[PDB]
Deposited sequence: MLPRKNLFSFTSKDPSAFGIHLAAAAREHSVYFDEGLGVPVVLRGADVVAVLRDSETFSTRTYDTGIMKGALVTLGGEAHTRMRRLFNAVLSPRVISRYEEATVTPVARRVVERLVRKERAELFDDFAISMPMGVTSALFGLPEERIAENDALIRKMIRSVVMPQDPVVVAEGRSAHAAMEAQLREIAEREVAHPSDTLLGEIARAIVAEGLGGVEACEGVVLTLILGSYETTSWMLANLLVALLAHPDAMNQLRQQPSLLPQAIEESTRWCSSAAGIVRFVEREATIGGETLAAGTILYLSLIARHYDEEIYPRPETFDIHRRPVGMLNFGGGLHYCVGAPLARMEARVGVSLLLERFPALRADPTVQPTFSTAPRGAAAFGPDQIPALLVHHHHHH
């Protein structure tokens, strides 16, 4: 018997209360069975890093189902190394800067332009969502007239990865996947005679450089599923961090090149990634508790961020902290391959929003709530981001 607690149902109006709560609980026990999640959880940063380091004992087997079967994150050993090299090549710094100029800036400009005559915004709906809706179709040569349809298809895929059990929902994921696959096949087949300038174009060419033909559609769908919702929760909590710290927002105006390190601090102070899951391949012990072969284990990617031994005054948002060793993108073998795109999109989007709305600030009349199921999503974050845009 693990000790048992219910820490993930915690809600609050204070964005830092949950990380405080987890770090307090971790002082009491690192490993505990969370009755709200239904699984054992590892809290302490050192235990989480240790689990992530030992991929042979703690695998990604639980992910290897439905539309995720055989995908990058499910892979270990040599299989992962080979496929990971392909992904790394299509998200390298040259590619990131290329798509900064060709795709993300134009999209960010359009998104921000829409707000220009308005007095208020709810920046989750009006920015955090809008960014990846525009960026994903543009990156992958998907038609503008299908953006809503494809949003619904992707949300259905994502639902199926969250509800691996339910065979109707999985079945709906599977169908949505096949419609996306058909659009993306059609686009990928055109690349042979008419190579494009899109990212889906660089992928089709990288598949050949590694001698694969691994489907182009496959790579693209992995990137879509890994970015489409994550991006919105990262943007959402960046905006929270900025709008909640008018002293910091003042410093950023004075010195715009501080934005990247401000982003790094937003990801420590208010990470959107609550946790990830591992499969215990052979009995092991972590923080003194025994974990039977076959256990499904949840790793907190937040508690480390609030451990005062690692980050002093962790409750305080400091844009000069320059923190490292955050867990928001994971650690080890499966460390997020998309992190360069996420960082860039956050920087580009937010810089454009800030420069366009000198008066941008929190709206004092609405009290967002923070939870680990905001609007049902698998994230940590606010239910809305009410802002004032004028004077």
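Can you list the gaps, numbered from 1 on the deposited sequence, where no C-alpha is modelled?
Several regions go unmodelled: 214 to 215, 394 to 398.
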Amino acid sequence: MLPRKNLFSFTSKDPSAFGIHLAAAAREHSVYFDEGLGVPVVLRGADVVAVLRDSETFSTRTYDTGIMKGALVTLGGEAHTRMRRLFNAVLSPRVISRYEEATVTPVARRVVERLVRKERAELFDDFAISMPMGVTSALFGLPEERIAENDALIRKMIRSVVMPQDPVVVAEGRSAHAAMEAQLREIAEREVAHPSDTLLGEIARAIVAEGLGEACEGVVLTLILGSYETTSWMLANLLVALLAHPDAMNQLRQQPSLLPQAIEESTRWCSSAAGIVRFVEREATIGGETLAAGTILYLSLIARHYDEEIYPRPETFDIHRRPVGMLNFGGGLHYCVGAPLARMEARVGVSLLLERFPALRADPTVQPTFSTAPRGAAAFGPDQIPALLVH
From here on, numbers count along this sequence of modelled residues.
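Which wins on mean Cα temperature factor, 60 to 68 or 330 to 338?
60 to 68 has the higher mean C-alpha B-factor.
Please work out which of 283 to 291 and 129 to 137 has the higher mean CA B-factor as recorded in the PDB entry.
Of 129 to 137 and 283 to 291, the stretch with the higher C-alpha B-factor average is 283 to 291.
Looking at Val277, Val208, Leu123, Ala102, which has the biggest Cα B factor in the entry?
Of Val277, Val208, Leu123, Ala102, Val208 has the highest C-alpha B-factor.
Return the residue from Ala273, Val168, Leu225, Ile147 that has the highest Cα B-factor in the entry.
Result of the comparison over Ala273, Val168, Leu225, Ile147: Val168.
Going by the entry, which third of its chain does the Cα temperature factor of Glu172 land in?
Its C-alpha B-factor, which the entry lists for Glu172, ranks in the highest third among residues of this chain.
What third of its chain, lowest, middle or highest, does the C-alpha temperature factor of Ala346 fall into?
As the PDB entry reports it, the C-alpha B-factor of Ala346 lands in the lowest third of its chain.
Please place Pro364 in the lowest, middle or highest third of its chain by C-alpha B factor as given in the entry.
According to the entry, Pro364 has a C-alpha B-factor in the chain's highest third.
How does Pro358 rank on Cα B-factor within its chain, lowest, middle or highest third?
Highest third of the chain for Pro358's C-alpha B-factor.
Ranking every modelled residue in this chain by its Cα temperature factor as given in the entry, which third contains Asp307?
Middle third by C-alpha B-factor.
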